[PDB]
Amino acid sequence: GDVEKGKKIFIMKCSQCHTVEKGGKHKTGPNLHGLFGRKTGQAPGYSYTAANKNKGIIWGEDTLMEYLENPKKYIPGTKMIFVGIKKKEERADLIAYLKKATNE
Ligand code: HEC
């Protein structure tokens with residue numbers, strides 16, 4: 001899975017909002033380094049809402065997908081703003097990069 005297709009997309013979708021690299025400090029949203037293999041609200045440096053912090057679920061390729069399709073519903077009353085994604089492929093590459101972005 002091409003990460004690029006997920007990088008650019010992650011930009012036009014997640015630009016100067018999220019973070020992956022260590023240098024990417026918490027800004028608008030929480031950083032994603034240990035995404036794969038880490039539950040939600042696992043940021044002791046940035047406490048989230050009571051809706052997301054309650055979203056006790058792992059961020060996998062099976063979940064990320066759904067959420068990517070409709071994260072709003074996935075977490076109502078959240079702070080994250082998004083419309084969603086139609087193409088399932090654009091989401092794959094997105095998770096194909098975020099994985100290599102977080103893992104790193
Ligand atoms: C800033 C305006 C954001 C944009 C753009 C995106 N995200 Fe985000 N995200 C943001 C916040 C403040 C939070 C916390 C809860 C909330 O929804 O407000 C999140 C959370 C996530 C999570 C959950 C991680 C956790 O620790 O629970 C994921 C998996 C996530 N966001 C992914 C993500 C992607 C891939 C985006 C673009 C496609 C994206 N976010 C946009 C704030 C913002």
# chains A, B, ... in the order shown; residues from 1 in each chain; ligands from 1
>>> select_by_dssp(residues="chain A", states="helix (DSSP H, G or I)", output="PyMOL selection string")
chain A and resi 4-13+63-69+71-74+89-103
>>> residues_near_ligand(ligand="ligand 1", cutoff="6 Å", atoms="only C-alpha atoms and all ligand atoms", output="PyMOL selection string")
chain A and resi 10+13-14+17-18+28-30+40-42+48+52+78-81
>>> write_last_selection(atoms="N, CA, C and O atoms", output="CSV table (one decimal), in the first residue's frame")
chain,number,residue,atom,x,y,z
A,10,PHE,N,-3.4,12.5,3.8
A,10,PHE,CA,-3.3,12.8,5.2
A,10,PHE,C,-3.0,14.3,5.4
A,10,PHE,O,-3.1,14.8,6.6
A,13,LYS,N,-6.2,16.4,4.4
A,13,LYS,CA,-7.2,16.0,5.4
A,13,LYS,C,-6.7,16.2,6.8
A,13,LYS,O,-7.4,16.7,7.7
A,14,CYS,N,-5.4,15.9,7.0
A,14,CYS,CA,-4.8,16.1,8.3
A,14,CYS,C,-3.5,17.0,8.1
A,14,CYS,O,-2.4,16.5,8.1
A,17,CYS,N,-2.5,19.7,11.8
A,17,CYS,CA,-3.5,19.4,12.8
A,17,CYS,C,-3.0,18.2,13.7
A,17,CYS,O,-3.1,18.3,14.9
A,18,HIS,N,-2.6,17.2,13.0
A,18,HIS,CA,-2.1,16.0,13.6
A,18,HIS,C,-0.6,15.9,13.6
A,18,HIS,O,0.0,16.8,13.1
A,28,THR,N,-3.2,20.8,17.4
A,28,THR,CA,-4.6,20.8,17.3
A,28,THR,C,-5.2,19.5,17.8
A,28,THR,O,-6.2,19.5,18.5
A,29,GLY,N,-4.5,18.4,17.5
A,29,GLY,CA,-4.9,17.1,17.9
A,29,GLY,C,-3.7,16.3,18.5
A,29,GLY,O,-2.6,16.8,18.5
A,30,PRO,N,-4.0,15.1,19.0
A,30,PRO,CA,-3.0,14.2,19.6
A,30,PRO,C,-2.1,13.6,18.5
A,30,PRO,O,-2.6,13.4,17.4
A,40,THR,N,-7.3,4.3,22.6
A,40,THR,CA,-7.5,5.7,22.5
A,40,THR,C,-7.3,6.4,23.8
A,40,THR,O,-7.3,5.7,24.9
A,41,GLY,N,-7.1,7.7,23.8
A,41,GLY,CA,-6.8,8.5,25.0
A,41,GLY,C,-5.6,8.0,25.7
A,41,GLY,O,-5.6,7.9,26.9
A,42,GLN,N,-4.6,7.6,24.9
A,42,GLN,CA,-3.3,7.1,25.5
A,42,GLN,C,-2.3,8.2,25.5
A,42,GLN,O,-1.1,7.9,25.4
A,48,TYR,N,-7.9,14.1,26.2
A,48,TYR,CA,-9.0,14.3,25.2
A,48,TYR,C,-10.3,14.4,25.9
A,48,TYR,O,-10.4,14.6,27.1
A,52,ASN,N,-14.0,10.5,23.5
A,52,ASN,CA,-12.9,9.8,22.9
A,52,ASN,C,-12.2,9.0,23.9
A,52,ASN,O,-11.8,7.9,23.6
A,78,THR,N,-17.3,14.8,19.7
A,78,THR,CA,-15.9,14.9,19.7
A,78,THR,C,-15.4,16.3,19.3
A,78,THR,O,-16.2,17.2,19.0
A,79,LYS,N,-14.1,16.5,19.2
A,79,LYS,CA,-13.5,17.8,18.8
A,79,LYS,C,-13.1,17.7,17.4
A,79,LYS,O,-13.0,18.7,16.7
A,80,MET,N,-12.7,16.5,17.0
A,80,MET,CA,-12.2,16.3,15.6
A,80,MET,C,-13.3,16.6,14.6
A,80,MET,O,-14.5,16.2,14.8
A,81,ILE,N,-13.0,17.4,13.6
A,81,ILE,CA,-13.9,17.7,12.5
A,81,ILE,C,-13.5,17.1,11.2
A,81,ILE,O,-12.4,17.2,10.8
>>> residues_around(residues="residue 37 in chain A", least_positions_apart="2", cutoff="8 Å", atoms="only C-alpha atoms", output="MDAnalysis selection string")
chainID A and resid 34:35 39 58:60
>>> residues_around(residues="residue 94 in chain A", least_positions_apart="2", cutoff="8 Å", atoms="only C-alpha atoms", output="number ranges by chain")
A: 3, 5-7, 9-10, 90-92, 96-98
>>> write_last_selection(atoms="C-alpha atoms", output="mmCIF file, in the first residue's frame")
data_model
loop_
_atom_site.group_PDB
_atom_site.id
_atom_site.type_symbol
_atom_site.label_atom_id
_atom_site.label_comp_id
_atom_site.auth_asym_id
_atom_site.auth_seq_id
_atom_site.Cartn_x
_atom_site.Cartn_y
_atom_site.Cartn_z
ATOM 1 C CA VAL A 3 1.971 5.593 1.749
ATOM 2 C CA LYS A 5 -1.452 8.289 -1.542
ATOM 3 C CA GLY A 6 -1.984 8.328 2.205
ATOM 4 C CA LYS A 7 0.520 11.084 2.884
ATOM 5 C CA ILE A 9 -4.388 12.643 1.593
ATOM 6 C CA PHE A 10 -3.286 12.807 5.210
ATOM 7 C CA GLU A 90 -7.852 6.317 -0.475
ATOM 8 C CA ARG A 91 -8.439 5.218 3.099
ATOM 9 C CA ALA A 92 -6.229 2.159 2.815
ATOM 10 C CA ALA A 96 -0.916 2.347 4.924
ATOM 11 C CA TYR A 97 1.096 5.476 5.622
ATOM 12 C CA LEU A 98 -0.167 6.442 9.057
#
>>> closest_residue(among="A:101, A:88, A:54, A:83", to="residue 66 in chain A", atoms="only C-alpha atoms")
A:88
>>> residues_around(residues="residue 68 in chain A", least_positions_apart="3", cutoff="8 Å", atoms="only C-alpha atoms", output="list in words")
residues 64, 65, 71, 84, 85 and 91 of chain A
>>> write_last_selection(atoms="N, CA and C atoms", output="PDB file, in the first residue's frame")
ATOM      1  N   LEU A  64      -9.773   1.627  11.905  1.00  0.00           N
ATOM      2  CA  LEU A  64      -9.403   2.859  11.231  1.00  0.00           C
ATOM      3  C   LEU A  64     -10.300   3.055  10.007  1.00  0.00           C
ATOM      4  N   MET A  65     -10.543   1.955   9.310  1.00  0.00           N
ATOM      5  CA  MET A  65     -11.378   1.991   8.122  1.00  0.00           C
ATOM      6  C   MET A  65     -12.733   2.636   8.424  1.00  0.00           C
ATOM      7  N   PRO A  71     -15.977   9.013  11.103  1.00  0.00           N
ATOM      8  CA  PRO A  71     -15.430   9.145  12.442  1.00  0.00           C
ATOM      9  C   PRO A  71     -16.366   9.956  13.340  1.00  0.00           C
ATOM     10  N   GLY A  84     -15.579  12.827   6.137  1.00  0.00           N
ATOM     11  CA  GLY A  84     -15.464  11.402   5.876  1.00  0.00           C
ATOM     12  C   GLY A  84     -14.839  11.145   4.503  1.00  0.00           C
ATOM     13  N   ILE A  85     -14.638   9.869   4.210  1.00  0.00           N
ATOM     14  CA  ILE A  85     -14.051   9.476   2.940  1.00  0.00           C
ATOM     15  C   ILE A  85     -14.954   8.444   2.263  1.00  0.00           C
ATOM     16  N   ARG A  91      -8.504   5.407   1.660  1.00  0.00           N
ATOM     17  CA  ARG A  91      -8.439   5.218   3.099  1.00  0.00           C
ATOM     18  C   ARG A  91      -7.347   4.207   3.453  1.00  0.00           C
TER      19      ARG A  91
END
>>> closest_residue(among="A:95, A:32, A:51, A:11", to="residue 73 in chain A", atoms="only C-alpha atoms")
A:51
>>> decode(residues="chain A", atoms="C-alpha atoms", output="CSV table (one decimal), in the first residue's frame")
chain,number,residue,atom,x,y,z
A,1,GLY,CA,0.0,0.0,0.0
A,2,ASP,CA,1.5,3.3,-1.2
A,3,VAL,CA,2.0,5.6,1.7
A,4,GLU,CA,2.2,8.6,-0.5
A,5,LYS,CA,-1.5,8.3,-1.5
A,6,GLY,CA,-2.0,8.3,2.2
A,7,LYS,CA,0.5,11.1,2.9
A,8,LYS,CA,-0.9,13.7,0.5
A,9,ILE,CA,-4.4,12.6,1.6
A,10,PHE,CA,-3.3,12.8,5.2
A,11,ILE,CA,-2.2,16.4,4.5
A,12,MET,CA,-5.3,17.7,2.7
A,13,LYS,CA,-7.2,16.0,5.4
A,14,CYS,CA,-4.8,16.1,8.3
A,15,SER,CA,-2.7,19.2,7.7
A,16,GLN,CA,-1.0,21.1,10.5
A,17,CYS,CA,-3.5,19.4,12.8
A,18,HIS,CA,-2.1,16.0,13.6
A,19,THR,CA,1.4,14.6,14.1
A,20,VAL,CA,3.3,11.4,13.6
A,21,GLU,CA,7.0,12.3,13.8
A,22,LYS,CA,8.6,12.7,17.2
A,23,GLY,CA,9.2,16.3,16.3
A,24,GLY,CA,5.5,16.6,15.7
A,25,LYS,CA,4.4,17.9,19.1
A,26,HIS,CA,0.8,17.9,20.1
A,27,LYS,CA,-1.0,20.9,18.5
A,28,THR,CA,-4.6,20.8,17.3
A,29,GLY,CA,-4.9,17.1,17.9
A,30,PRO,CA,-3.0,14.2,19.6
A,31,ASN,CA,0.1,12.7,18.0
A,32,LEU,CA,0.0,9.3,16.5
A,33,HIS,CA,3.2,7.3,17.1
A,34,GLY,CA,2.1,4.1,18.8
A,35,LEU,CA,-1.3,4.1,17.0
A,36,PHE,CA,-1.1,0.5,15.9
A,37,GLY,CA,-1.1,-1.4,19.2
A,38,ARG,CA,-2.4,1.5,21.3
A,39,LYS,CA,-5.9,2.3,22.5
A,40,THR,CA,-7.5,5.7,22.5
A,41,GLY,CA,-6.8,8.5,25.0
A,42,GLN,CA,-3.3,7.1,25.5
A,43,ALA,CA,-1.8,10.5,25.4
A,44,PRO,CA,-0.6,11.5,28.9
A,45,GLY,CA,0.5,14.7,27.4
A,46,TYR,CA,-2.8,15.7,26.0
A,47,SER,CA,-6.1,14.7,27.6
A,48,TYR,CA,-9.0,14.3,25.2
A,49,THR,CA,-12.7,14.5,25.7
A,50,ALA,CA,-14.9,12.2,27.7
A,51,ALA,CA,-16.3,10.7,24.5
A,52,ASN,CA,-12.9,9.8,22.9
A,53,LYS,CA,-11.3,8.9,26.1
A,54,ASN,CA,-14.2,6.5,26.5
A,55,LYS,CA,-13.5,5.1,23.0
A,56,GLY,CA,-11.6,2.2,24.5
A,57,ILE,CA,-10.7,0.6,21.2
A,58,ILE,CA,-7.5,-0.2,19.3
A,59,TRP,CA,-6.6,1.7,16.1
A,60,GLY,CA,-6.3,-1.1,13.6
A,61,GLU,CA,-6.8,-1.4,9.9
A,62,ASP,CA,-10.2,-2.9,10.6
A,63,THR,CA,-11.3,0.0,12.8
A,64,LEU,CA,-9.4,2.9,11.2
A,65,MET,CA,-11.4,2.0,8.1
A,66,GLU,CA,-14.8,2.4,9.6
A,67,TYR,CA,-13.8,5.5,11.5
A,68,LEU,CA,-12.3,6.8,8.3
A,69,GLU,CA,-15.7,6.2,6.7
A,70,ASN,CA,-17.5,8.1,9.4
A,71,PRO,CA,-15.4,9.1,12.4
A,72,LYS,CA,-18.0,11.7,13.4
A,73,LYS,CA,-20.5,9.0,14.3
A,74,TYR,CA,-17.7,6.8,15.6
A,75,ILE,CA,-17.2,9.4,18.3
A,76,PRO,CA,-20.1,11.8,18.8
A,77,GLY,CA,-19.5,15.1,20.6
A,78,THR,CA,-15.9,14.9,19.7
A,79,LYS,CA,-13.5,17.8,18.8
A,80,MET,CA,-12.2,16.3,15.6
A,81,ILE,CA,-13.9,17.7,12.5
A,82,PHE,CA,-14.3,15.7,9.4
A,83,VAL,CA,-16.7,14.9,6.6
A,84,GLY,CA,-15.5,11.4,5.9
A,85,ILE,CA,-14.1,9.5,2.9
A,86,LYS,CA,-15.9,7.6,0.2
A,87,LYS,CA,-13.2,5.7,-1.7
A,88,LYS,CA,-12.0,2.8,0.4
A,89,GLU,CA,-8.7,2.7,-1.4
A,90,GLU,CA,-7.9,6.3,-0.5
A,91,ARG,CA,-8.4,5.2,3.1
A,92,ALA,CA,-6.2,2.2,2.8
A,93,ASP,CA,-3.2,4.1,1.6
A,94,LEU,CA,-4.1,6.6,4.3
A,95,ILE,CA,-3.8,3.8,6.9
A,96,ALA,CA,-0.9,2.3,4.9
A,97,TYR,CA,1.1,5.5,5.6
A,98,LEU,CA,-0.2,6.4,9.1
A,99,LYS,CA,1.0,3.0,10.0
A,100,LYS,CA,4.5,3.6,8.7
A,101,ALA,CA,4.3,7.1,10.1
A,102,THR,CA,3.4,6.0,13.6
A,103,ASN,CA,5.5,2.9,13.6
A,104,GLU,CA,8.6,4.9,12.8
